[PDB]
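In: task: produce atomic coordinates for the following.
(3 chains, ligands or ions: 1)
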Amino acid sequence: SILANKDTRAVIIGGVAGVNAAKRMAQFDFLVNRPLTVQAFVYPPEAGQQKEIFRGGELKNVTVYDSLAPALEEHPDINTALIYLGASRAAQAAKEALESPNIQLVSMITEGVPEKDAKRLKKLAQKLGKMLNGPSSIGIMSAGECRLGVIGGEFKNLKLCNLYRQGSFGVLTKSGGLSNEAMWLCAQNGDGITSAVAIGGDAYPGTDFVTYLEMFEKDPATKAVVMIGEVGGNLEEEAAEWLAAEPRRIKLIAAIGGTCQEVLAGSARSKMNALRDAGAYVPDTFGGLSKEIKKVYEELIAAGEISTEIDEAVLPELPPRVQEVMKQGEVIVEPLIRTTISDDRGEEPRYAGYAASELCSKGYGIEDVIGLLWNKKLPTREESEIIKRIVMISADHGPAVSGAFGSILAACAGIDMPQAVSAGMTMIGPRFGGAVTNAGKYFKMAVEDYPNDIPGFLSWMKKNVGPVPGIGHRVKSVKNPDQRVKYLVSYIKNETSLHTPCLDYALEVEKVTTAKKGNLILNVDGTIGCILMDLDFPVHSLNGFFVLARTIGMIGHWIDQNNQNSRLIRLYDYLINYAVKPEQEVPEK
Amino acid sequence: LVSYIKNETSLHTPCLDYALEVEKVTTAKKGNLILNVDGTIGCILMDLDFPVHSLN
Amino acid sequence: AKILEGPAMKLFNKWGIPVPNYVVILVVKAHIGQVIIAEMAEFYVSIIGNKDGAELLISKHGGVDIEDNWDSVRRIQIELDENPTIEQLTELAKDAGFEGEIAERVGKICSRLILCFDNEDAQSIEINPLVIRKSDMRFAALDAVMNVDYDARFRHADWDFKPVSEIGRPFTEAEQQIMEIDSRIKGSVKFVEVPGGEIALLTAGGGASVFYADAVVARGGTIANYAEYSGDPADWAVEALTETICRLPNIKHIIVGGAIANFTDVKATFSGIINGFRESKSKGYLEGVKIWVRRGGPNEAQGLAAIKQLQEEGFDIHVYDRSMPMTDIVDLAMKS
Ligand SMILES: CC(C)(COP(=O)(O)OP(=O)(O)OC[C@H]1O[C@@H](n2cnc3c(N)ncnc32)[C@H](O)[C@@H]1OP(=O)(O)O)[C@@H](O)C(=O)NCCC(=O)NCCS
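Out: Residues are numbered from 1 along each chain as shown, chains lettered A, B, ... in the order given. Next up is the structure itself:
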């Protein structure tokens, strides 16, 4: 191996691209059974957050720092920086990393880094005696030891290219996609790789071919190097100069792209000729490269430099996602919730089995959607017409009522509509609008247990529940009738075929209660409660009609106060009775 | 909703038309950047000239 | 990135470099849709960048006669951010053969050129001739050849220009359409039309694309086009590229090749290729053409299985995995 080893600990400077690199590096760390290479992330937009990175099936939380100084302070361990930032920020981040005394190697994936910036960074890395790889480098891969970047692809590829143990071949490419092809060629025709380095495709790489060839020459494990170059520059010429200059231990296998000298100094024929003359194994096409690797590998077996020691390893496999195991029925997942009313999993929601848009097209209304979601049955025209009227008649009853006033208070406190309406909806309960369910229950119980005994029902209620749910009003009375209840009752009794025993009973108790106190009228809660109980709607659903209806009013009041640009309400002093304790001195503790 | 407004009314919906064009650009960036129900209702109601406060 | 005469002159002007009065709409050259008109001893000046900075080449023998007069050329190496002083440049001029008043003048010009190079992210600037009108001592840069590093554009808000075409001729409709697609996307899509050619390339990555083209030429074949797609491009862009390649005249084989991708999803990109193959086949474009597939990369099993299904749709498609050497599908195609 040459630059990355089991002692390499990285800091990734970049965002989502950096996190994807880290996730790939974690897969390698799982395969070769080593601790996580990524120690930290440096990304000011996400500073303070933690990234969840899986090392196999184990979740690792990696911290995101604002800058490099706190990252290295918290992780002195770090000796490598990977730059995953865009062109406008990459060079400054690379400068910061090179100037950090802990960092020895800086690699850049970034494309479009100005030549002037790459030249300045190469000069700085030389002054400081540090290694700079890239820009435009997919990474560095040391088989069985370390992966820096996305180099090596999917987990199945790491296994196919035998990247879990050291081979005898080094890989040097300009091209990212071709380092992965070279790694495969070495596994397929040789014994795998030691290290693979993508130097980058930029005019001025941080480290050239000779710099890496010098390092490979000093690595005892590397017996040959597969170098993949192309037309442009003299990086391959300088490598041929390096090979010719002295007797080298490593064999050089080279393929040069750009022999398109039939279609429109740094020529691919001039590079192939320099290398061939220097003693390198140069094939005529990229296809011949597999044959050159087999040639060198067979020489190495014969010359006793490679041992035929079979791959004695039971390799770890990537854990499946819970959904995969579930599909196969190989795991039991007890659901968190059960829903029976709607399915959103298709192209559109299905309410009680019916497609939402199909209901619109076929002429159904809001009242029909209420019945589907609350009763799981499409209402009948009669039912639908009653639901419609209950909602319309209950929609609003001015601003003085708790629910509406709650919304107005929140609207004036500068609260957004959903939150302001939630405060008003909190007021719906035993005293305001939320006696629909209990009115239904107690009047049905009266019909069953006290059919011809209203004083018995009333005595039982006084002793056991208190005031009768559905009876009484603060402003409406016998002298000031509630036309809302008169309207609903006359609709049910004169415009429908519905037999209403609860409503009939409730209307009789109203005659008795209003004889006691004129305000003890059957109210909207009691009226809706009885009508719905007589329609045989589920008992739980009864308060829904008020809650839903009064939401129309509550949103109305919120919109109104906003259109008025209402200021914060602070209740007037003269309206408060401060029946407070006399003022007193606090005793010493 | 879009098909209903386009095929069953003769309404001129400039906000919805614009939103549908940006959806072609955004979904080219990431496939999940579709015009959602919020954007659809928002645009339809703005084109009907409903008070801005009422939209949510 | 080679830039036009006008733009180059504008930057010269900016860094105070003697330039003839010009107008872009007396001499008349073309930038055909644009024409330039500028007012009309000779010297040679050029600053060519290198790994260590740049090199300033100076000659007293300017104009056409510079080819034989290459011994007359005095060159100095400007180390990165270690720019020479005016006197050094005057001495440099003096070494060339420049005397007294002009040497300083030449030296001063050089510094401006050096400032222009440093500050404009240039790769190279070539002035031949740099003329002198001795009567009044007025200098003018007659022929301005400037290459700038266009990746650096974000640092330059004054760069109201686009770079000149790689191939001598400007781009066709398909071409410009593919360049538009590339600019908008995070990935990369490149398309170049080769006049004629029986073998059409639809290859992944610049490095692998070049090796596939070399393989075709080496095997006696003719390339119908040059097409590269890399950096996990969006399926639609890949579909756009596939469609363009299928529209090509007199193509016998399609080479859908590439190396083993490190991050490009082969299932996503192959769905864009498949969609574009289906789109092209319904329009009657892929009649008789054999498709050759060889690919590796994330989700290669799924993408390769999806592409081999295209056999039941009547496509003469041969799909191979990594076991098939990369450019060896070109042989199988040449033999057919
Ligand atoms: C990999 C690559 C896409 C990452 O670059 P990117 O998206 O430009 O990355 P950044 O984190 O710099 O940019 C994302 C945004 O964050 C912003 N940002 C980044 N750092 C920031 C900071 N410190 N403060 C504020 N904003 C910041 C950027 O301005 C940008 O927003 P914008 O698009 O509106 O300008 C890019 O560098 C590239 O093209 N690489 C080549 C392709 C490649 O090899 N990819 C590897 C895939 S693993």
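
In: when you work out contacts or count neighbours from here on, use the C-alpha atoms and nothing else.
Out: Fine.

In: quick check: closest non-adjacent residue to the residue in chain A that the ligand sits nearest to.
Out: With Cα to the nearest ligand atom, the shortest gap between chain A and the ligand falls at residue A:86, namely 3.5 Å. Nearest non-adjacent residue to residue A:86, counting by Cα to Cα, 6 or more residues apart in numbering or on different chains: residue A:110, 6.0 Å away.

In: sec struct for that neighbour, please.
Out: With DSSP: H, G, I helix; E, B strand; the rest coil as the basis, residue A:110 sits in coil.

In: tell me the residues of the stretch 101-250 of chain C that contact chain A?
Out: Residues of the stretch 101-250 of chain C lying close to chain A by Cα under 8 Å from any Cα of the partner chain are C:121, C:149, C:151-152, C:154, C:167, C:205-208, C:210-211, C:213-215, C:217-218.

In: residue C:107 in helix, strand or coil?
Out: helix.

In: that one against residue C:86, yeah?
Out: Yes. Assessed by Cα atoms under 8 Å, residue C:107 is found in contact with residue C:86 at 5.8 Å.

In: mind listing what the closest residue to chain A within chain C touches?
Out: In chain C, the residue that lies nearest chain A is residue C:262 (3.8 Å; Cα to the nearest Cα). Applying Cα atoms under 8 Å, 6 or more residues apart in numbering or on different chains to residue C:262 gives the contacts A:150-154, A:176-177, A:180, C:297-298.

In: also residue C:19?
Out: Contacts of residue C:19 (Cα under 8 Å, 6+ apart): C:9, C:12-13, C:139-142.

In: okay, the residues you listed in JSON lines with neighbour count and distance to residue C:75 next?
Out: Compiled in JSON lines, those are given as follows (neighbours: other Cα atoms under 10 Å in any protein chain shown; distance: Cα to Cα, whole Å):
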{"residue": "C:9", "neighbour count": "23", "distance to residue C:75": "24"}
{"residue": "C:12", "neighbour count": "20", "distance to residue C:75": "21"}
{"residue": "C:13", "neighbour count": "14", "distance to residue C:75": "24"}
{"residue": "C:139", "neighbour count": "20", "distance to residue C:75": "21"}
{"residue": "C:140", "neighbour count": "17", "distance to residue C:75": "21"}
{"residue": "C:141", "neighbour count": "22", "distance to residue C:75": "19"}
{"residue": "C:142", "neighbour count": "21", "distance to residue C:75": "21"}
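
In: which among those residues gets closest to residue C:302?
Out: Using Cα to Cα, residue C:9 comes nearest to residue C:302 of the contacts of residue C:19, at 54.7 Å.

In: what comes up buried for the host helix or strand of that closest one?
Out: Using DSSP states H and E, the secondary-structure element containing residue C:9 is helix C:5-14. Within helix C:5-14, the residues scored as buried using 16 or more other Cα atoms under 10 Å in any protein chain shown are C:5-12.

In: okay, the residues you listed in CSV with distance to residue A:240 next?
Out: Shown next, in CSV, are the buried residues of helix C:5-14 (distance: Cα to Cα, whole Å):
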residue, distance to residue A:240
C:5, 39
C:6, 42
C:7, 40
C:8, 38
C:9, 41
C:10, 43
C:11, 40
C:12, 40
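
In: so which of those residues is the closest to residue C:160?
Out: For those, the nearest to residue C:160 is residue C:7 (8.2 Å; Cα to Cα).

In: do you know how far whichever residue of the stretch 201-350 of chain A sits closest to chain B is from residue B:32?
Out: Proximity of the stretch 201-350 of chain A to chain B (Cα to the nearest Cα) peaks at residue A:348, 11.2 Å away. Here residue A:348 is placed at a distance of 16 Å from residue B:32 (Cα to Cα, to the nearest Å).

In: check contacts around the closest residue to residue A:87 other than its chain neighbours.
Out: Once flanking residues are discounted, residue A:87 sits nearest to residue A:113: 4.8 Å by Cα to Cα, 6+ apart. Contact analysis of residue A:113 by Cα under 8 Å, 6+ apart lists A:87-88, A:90-91, A:135, C:151-152.

In: one more time with 10 Å
Out: A:86-91, A:134-136, A:202, C:149, C:151-152 (Cα atoms under 10 Å, 6 or more residues apart in numbering or on different chains).

In: so which of the residues you listed wins on neighbours?
Out: residue A:135 (34 neighbours; other Cα atoms under 10 Å in any protein chain shown).

In: my read is that that residue contacts residue A:199, right?
Out: Yes. In this structure residue A:135 lies within contact range of residue A:199 using Cα atoms under 10 Å: 7.9 Å.

In: who touches both of the two?
Out: Joint contacts of residue A:135 and residue A:199 (Cα under 10 Å, 6+ apart) are A:107-108, A:205-207.

In: and the two most separated of those?
Out: Farthest apart among the shared contacts of residue A:135 and residue A:199 - using Cα to Cα - are A:108 and A:207, which lie 11.6 Å from each other.

In: so which of those two has more stuff around it?
Out: residue A:108 (28 against 18).

In: wouldn't that one be in contact with residue A:89 here?
Out: No. Counting by Cα under 10 Å, residue A:108 stays clear of residue A:89, with 11.5 Å between them.

In: now the common contact residues for these two.
Out: residue A:83.

In: next up, the contacts around the residue nearest to residue A:86.
Out: Neighbouring residues of residue A:110 by Cα under 10 Å, 6+ apart: A:82-91, A:134-138, A:200.

In: wasn't residue C:123 part of a helix?
Out: No. Residue C:123: not assigned to a helix; according to three-state DSSP it is strand.

In: what about it, neighbour count?
Out: The burial count for residue C:123: 22, using other Cα under 10 Å.

In: that one touches residue C:148, doesn't it?
Out: Yes. Under the criterion of Cα under 10 Å, residue C:123 makes contact with residue C:148 at 5.2 Å.

In: what's the overlap in contacts for those two?
Out: C:1-2, C:117.

In: now residue C:175, nearest residue through space, not along the chain?
Out: residue C:191 (5.8 Å).

In: verify the stated contact: residue C:39 with residue C:23.
Out: Yes. When contacts are counted by Cα under 10 Å, residue C:39 is listed as touching residue C:23 (9.4 Å).

In: residue C:157 belongs to a helix, doesn't it?
Out: No. Read with three-state DSSP, residue C:157 is coil and lies in no helix.

In: need the phi and psi values for it.
Out: Backbone geometry at residue C:157, expressed as degrees, to the nearest 10, gives phi -80, psi -10.

In: do the same with residue A:6
Out: phi -60, psi -10.
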